[PDB]
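Participant: Okay, handing you the structure first.
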Amino acid sequence: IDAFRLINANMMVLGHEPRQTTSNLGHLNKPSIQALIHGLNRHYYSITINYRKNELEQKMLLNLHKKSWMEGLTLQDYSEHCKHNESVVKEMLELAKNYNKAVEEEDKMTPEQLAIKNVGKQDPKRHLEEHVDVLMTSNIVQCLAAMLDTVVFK
Amino acid sequence: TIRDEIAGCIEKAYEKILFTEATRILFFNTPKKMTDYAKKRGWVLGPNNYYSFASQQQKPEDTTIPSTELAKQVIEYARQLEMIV
């Protein structure tokens with residue numbers, strides 16, 4: 001948000017330093033970087049910015065962005081997921097099964113080579129297990145398959 | 001406890017049986033116990049034959065008790081995979 005305030009040059013005979021409610025200055029020095037901001041603490045002293053929010057506005061922005069990311073009438077996209085679960089999912093299920101064969105026959109080399117090299121030293125090379133993400137996609141498969149009974153019946 | 005054992009296992013695939021063999025197995029040649037079985041039970045006393053009726057299940061509506069017990073079970077799968085504390 002970043003706001004500023006200009007200082008004069010006539011009042012450098014006098015001081016510049018009453019700074020009431022000291023917390024604001026020590027808060028100003030933390031959001032902060034540079035050599036040139038450090039060179040522009042002269043001619044500039046900032047000022048704290050804060051935020052007050054209408055609970056009406058907060059709650060209707062919550063309406064918008066926790067309700068309107070769900071879509072209209074709210075059944076519509078979940079029944080569309082139910083449309084996915086019998087026509088499109090089996091193709092990415094084939095992709096999942098091919099990944100969970102091909103990645104697996106080389107990630108069974110991994111505890112072998114853990115026993116081989118050392119007790120757990122530095123990163124040897126490229127690949128990893130990465131199975132957890134593919135399993136989470138399979139969890140998406142099962143949850144939207146659970147959606148089928150709920151939506152389709154009644 | 002054998003009388004009601006025959007009166008239990010009668011309802012199976014005895015699709016028709018002649019009466020005097022049931023007289024042999026049950027007991028009591030021409031009794032009023034034949035009235036007891038043929039009336040308290042089904043097995044309609046027709047011509048020389050206890051007749052077998054038919055009953056069905058169709059599994060029609062369920063389709064839904066499958067669907068709601070799967071609602072329970074997959075809410076359970078998602079619930080245990082869900083946990084976090």
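How things are named: the first chain in the structure tokens is A, the next is B, and so on; residues count from 1 in each chain; ligands count from 1 in the order shown.
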Considering only C-alpha atoms, tabulate each residue of chain B that lies at most 7 Å from chain A along with its nearest interatomic pair and the corresponding distance in Å to one decimal; arrange the rows by chain and ascending residue number and present them as JSON lines.
Facilitator:
```
{"residue": "B:67", "atom": "CA", "partner": "A:149", "partner_atom": "CA", "distance": 5.3}
{"residue": "B:71", "atom": "CA", "partner": "A:146", "partner_atom": "CA", "distance": 6.6}
{"residue": "B:74", "atom": "CA", "partner": "A:146", "partner_atom": "CA", "distance": 6.3}
```
Participant: Using DSSP on the backbone coordinates, identify the residues of chain B assigned to strand (DSSP E); present them as a VMD selection string.
Facilitator: chain B and resid 16 to 18 45 to 46 49 to 51
